[PDB]
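Now for the letters of each chain:
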Amino acid sequence: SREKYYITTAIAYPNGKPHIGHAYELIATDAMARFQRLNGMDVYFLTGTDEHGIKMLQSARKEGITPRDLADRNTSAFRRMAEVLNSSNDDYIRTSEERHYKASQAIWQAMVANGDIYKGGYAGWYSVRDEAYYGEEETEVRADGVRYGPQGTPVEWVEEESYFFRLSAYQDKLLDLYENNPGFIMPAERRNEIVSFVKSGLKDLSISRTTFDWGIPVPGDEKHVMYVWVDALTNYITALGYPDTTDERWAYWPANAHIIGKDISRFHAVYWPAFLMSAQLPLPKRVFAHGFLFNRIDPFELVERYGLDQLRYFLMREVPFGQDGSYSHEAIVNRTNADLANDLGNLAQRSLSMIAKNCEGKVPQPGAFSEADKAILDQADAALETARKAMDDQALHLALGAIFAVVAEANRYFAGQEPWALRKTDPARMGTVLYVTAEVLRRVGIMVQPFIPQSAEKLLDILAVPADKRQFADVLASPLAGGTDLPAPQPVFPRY
Ligand SMILES: COc1cc(Cl)cc(CNCCCNC(=O)Nc2ccccc2)c1
């Protein structure tokens, strides 16, 4: 019985087209999910779309179609993005689906049963100019006879009927969660902003609207529809068949990792665990927030220009996962050409071309390993353990850095050994250097699979590695057998 691993992306708002922020999140989470599959886990990987709300109703009114029709049309682009990005998601969740309507209504009833939902209103001062709420003390009536907020704009007393979740009851329980799980909300900078926020006191949370019907109705009060909080976050349990706990997929709960953007960190580390606690459900083991990408841009055009695995590699390598980063035409071209086309690509071509020409297209029979041979072989084995430990802390750049440090060293190894000169001098020793090179390329090939799957598959194909020997366990246990026929080598990473 393989151990279970549930991982998710935050669900995208399909109000516009797919931006690069959505692509980045999906790529990172896809790589993590693939990594765990290869590491032996029973993986479930989810992504999807948040389709309700006032902005979506208004967009639909503008184009002269129903909100559902619009939701269908715009979400197809996000489905197509997942396909073009080579996403290995086992399901695609859409908030408009019946299964989500039932699951959101179920968790709402569970929270009503726990005594955490009441009907009331959100009565206070609102600045229409600042688009924010204020307490009375932050305001001041001026000579106008008009009340102003703290930013010098008028405020107006807005009053709207709303259901509330009793978030004020979960302060001490959430603080206990953070003390008992240091890794619940990462990276470290996110945690501190969450702990500081919860310490300063939590007020009860508005969870329904009366201003639009494009939403999930509130049970026993259909004039209200559910606001974003209960709707969007419940997608993670909808995908496992909630509220049916007899479903085969329900064993995947709790989620091992919710991968999200930094902007929605509060909603996944404060509101979401409070809801789960109220509904008598276990909490996710980690929420990891990534940073944003700036242009120092449409993900379909980037993939077409630079290549998919080139983009996947760059985003995961150059930006430390958690921090903000940049991408430019110059940076993508340089770093992919250097690491993929030159370092990994040419090392495969030079070595495997020598096997095709000098060793009759067969893996050479290796003799004794020198101290140089051992070092590069052991460094490749050690990269897997550094990669495993890094991926537990969502440090994708550190995983790729360790794997491509082996590639860089293997190039220096191959060059120092001078196999070309050994062809005349000592053919048997040439065979050993070429064996060692191919063997390191196999180990690297297996290890890079989650990050660059199609290109990794090609490399392993030209090493004649069978389909059932491409797990991480095969790095130590399934080395290349001398005498095996290899197909004619072709370049895996063409230069830009
Ligand atoms: C609820 O916290 C979030 C959870 C996830 Cl998984 C993702 C996000 C980020 N999505 C963008 C938010 C904009 N969408 C929105 O407000 N939808 C909405 C509005 C009213 C009623 C139901 C959904 C926010």
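Structure: see above.
In this document, every chain is numbered from 1 following its sequence as written, which may not correspond to the numbering used in the entry; residues for which no coordinates exist are not shown. Side-chain figures throughout are based on the complete set of non-hydrogen atoms in the structure, without hydrogens or water. Residues with missing side-chain atoms are left out of burial classes, side-chain pairs and their counts.

Student: I'd like to hear about the nonpolar core, residue by residue, with values.
Tutor: Grouped together as the largest cluster of nonpolar side chains are 93 residues, with contacts concentrated most on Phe404, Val440, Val444 and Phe451. The helix and strand labels rest on DSSP assignments: H or I over at least four residues marks a helix, E over at least two residues marks a strand, and numbering proceeds from the N terminus. Broken down by element, the residue count for this core peaks at twelve residues, all from helix α16 (residues 427-448). The domain boundaries here were taken from an automatic or database domain assignment. Counting residues domain by domain, this core receives three or more from each of domain 1 (1-115 + 229-327) and domain 3 (328-496). Only heavy atoms enter the contact rule, under which two residues are in contact if any of them lie within 4.5 Å. Once residues lying within four places of it in the same chain are set aside, the contact partners of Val444 are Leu344, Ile403, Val406 and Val407. Core analysis: the second largest hydrophobic core is formed by 56 residues, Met111, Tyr178, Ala279 and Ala289 among them. Residue types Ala, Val, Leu, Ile, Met, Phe, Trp, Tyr and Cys, when buried and joined through side-chain atoms within 4.5 Å, form a set referred to as a nonpolar core. For each residue, the accessible area found with a 1.4 Å probe, counting protein chains only, is set against the maximum for its type, and the residue is called buried under 20%, exposed over 50%, and partly exposed in between.

Student: Can you explain the sheet that holds strand β4 (residues 117-121)? Please cite residues and give values.
Tutor: Consider a sheet: its strands pair through backbone hydrogen bonds, and that pairing is either parallel or antiparallel. Strand order in the open sheet made by the three strands is β4-β10-β12, with antiparallel pairing throughout. If you trace the sheet from one side to the other, it starts and ends with β4 and β12 (205-206), each paired once. For two strands to pair, DSSP has to find at least two bridges joining them. Here strand β10 (residues 161-165) pairs with β12 via two bridges, running antiparallel. By the bridge assignment for β12, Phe165 is matched with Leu205.

Student: An account of the packing of aromatic side chains is requested, with residue identities and associated values reported.
Tutor: Pairing of aromatic side chains here covers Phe, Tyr and the six-membered ring of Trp, requires ring centres within 6.5 Å, and sorts the geometry by plane angle: under 30 degrees stacked, over 60 edge-to-face, intermediate tilted. The full count for this structure, using the stated rule, is 25 aromatic pairs. With a centroid separation of 5.0 Å and 70° between ring planes, the pair formed by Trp229 and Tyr271 is classed as edge-to-face. Of this pair, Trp229 sits in helix α7 (residues 228-233) while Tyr271 is found in helix α9 (residues 265-278), placing the two residues 42 residues apart along the sequence. Comparing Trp229 with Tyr271 shows no difference in burial state: the two are buried. Judged by centre distance (6.4 Å) and plane angle (20°), the rings of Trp250 and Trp253 are stacked. Taken as a pair, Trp250 and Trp253 share a single burial class, namely buried. Taken together through their ring pairs, the aromatic side chains of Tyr6, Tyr44, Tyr236, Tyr242, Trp250, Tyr252, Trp253 and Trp272 make up a single cluster. Either the NZ atom of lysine or the CZ atom of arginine qualifies as a charge over a ring when it sits within 6 Å of the ring centre and within 35 degrees of the ring normal. Here the guanidinium or amino end of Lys4 rests over the ring plane of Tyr252, the centre of that ring lying 5.1 Å away.

Student: Give me the sheet that holds strand β15 (residues 221-226): which residues, what numbers.
Tutor: Strand order across the open sheet formed by three strands is β13-β15-β14, with antiparallel pairing between neighbours. On the outer flanks of this sheet lie β13 (208-209) and β14 (217-218), each paired with one strand and no other. Of the pairings in the sheet, the one linking β13 to β15 comprises two bridges and is antiparallel in character. Bridged to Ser208 within β15 is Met226.

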